[PDB]
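For reference, the chain that follows is the form deposited without the partner chain, supplied as structure tokens.
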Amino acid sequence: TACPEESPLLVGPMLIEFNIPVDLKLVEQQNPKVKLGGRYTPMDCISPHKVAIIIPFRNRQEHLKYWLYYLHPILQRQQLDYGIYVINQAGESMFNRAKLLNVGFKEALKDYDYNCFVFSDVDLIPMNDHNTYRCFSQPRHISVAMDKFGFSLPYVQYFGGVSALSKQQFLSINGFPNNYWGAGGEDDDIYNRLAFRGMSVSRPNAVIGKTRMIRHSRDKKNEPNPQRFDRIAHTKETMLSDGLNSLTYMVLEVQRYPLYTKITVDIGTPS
């Protein structure tokens, strides 16, 4: 009755293109077995992976459609017991990716006893279905070779894009930092946290880890791949008092759509 270690439904390399028309109606039609709120549970075997996929979000509905189009079929083929959560940041303050990811962890657990968490940007799609969206014996970095970075890993400590942590791995580092407002630096901090708690990063190889990004017509400016931000001392001094244990926020609305759960929140509270 337990699902096989490797799914028999996998196809391997996939054709990921965004120059096609898509709408949520089309997606709901192709995925009959997905229940309200974007929930799915294998019917022909028992999956040990109860996964909550958390997406930090603000005004990117177009990208979301393509994400759901590609990922729902993949997650089902990977035989996972999963749910999709879109954490929407209310207001116009600087985007705080990491704090929305903390909110996701907490809110998803109010629904079901998940034991694994996948934190994913809304514009990243995997190119090979052997790149399993589940948890491992050590924190997992999933989006290894992204086209936006020339299909190369920026540096060995890079932990941005898509990653996964078990419930215990996440509680061990007191979650993620809450005060990195704006973009940059929060992903190097999280890497520092894992290392400080005696953990390392597990990854698939560059070919199985090929990942595609939905291009933002707006984004025209181009600059070099990112370099590691040095803040090891900063993380050491603040990680145990800034994170899950200092998280406060207000839930403004909870909406259950057919393909996902959208939670709008005000994270302007002090943390």
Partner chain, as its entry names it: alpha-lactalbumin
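Residues that one form lacks are left out of the comparison. Positions refer to the first chain, counted from 1. In this text, rigid core is short for the largest set of C-alphas that superpose within 1.5 Å between two forms.
Another form exists, deposited with the partner chain bound; not displayed. Remarks below refer to it.
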Query - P48 within 4.5 Å of the partner chain in the entry with it bound, heavy atoms - result: no
**Report entry** Partner proximity in the entry with it bound: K220 to the partner chain, non-hydrogen atom cutoff 4.5 Å
**Finding:** no
Report task. Decide whether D129 counts as a contact residue for the partner chain in the entry with it bound under a heavy atom distance cut-off of 4.5 Å. Result -> no
Query raised in the report: Looking in the entry with it bound, any heavy atom of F149 within 4.5 Å of the partner chain?
Result: yes
Report task. Heavy atoms, 4.5 Å, the partner chain in the entry with it bound: which of 71 to 79, 105 to 113, 153 to 161, 170 to 178 makes the cut? Say which one. Result -> 153 to 161
Query - Answer option from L240, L244, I208, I232, heavy atom within 4.5 Å of the partner chain in the entry with it bound - result: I232
Report task. Tell which of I46, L36, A233, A206, after superposing on the rigid core, has its C-alpha displaced by 2 Å or more between the shown form and the other one, please. Result -> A233
Query raised in the report: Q89 and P226: do their C-alpha atoms lie closer or farther in the entry with it bound than in the form you see, with a change of 3 Å or more?
Result: closer
Requested in this report: Note whether the distance between the C-alpha atoms of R218 and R97 decreases (closer) or increases (farther) in the entry with it bound, against the displayed form; the change is 3 Å or more.
Outcome: closer
Report summary line: Segments shifting between the shown form and the other one (at least 3 consecutive residues, Cα moved 2 Å or more after rigid core fit) are at 217 to 233, 269 to 271
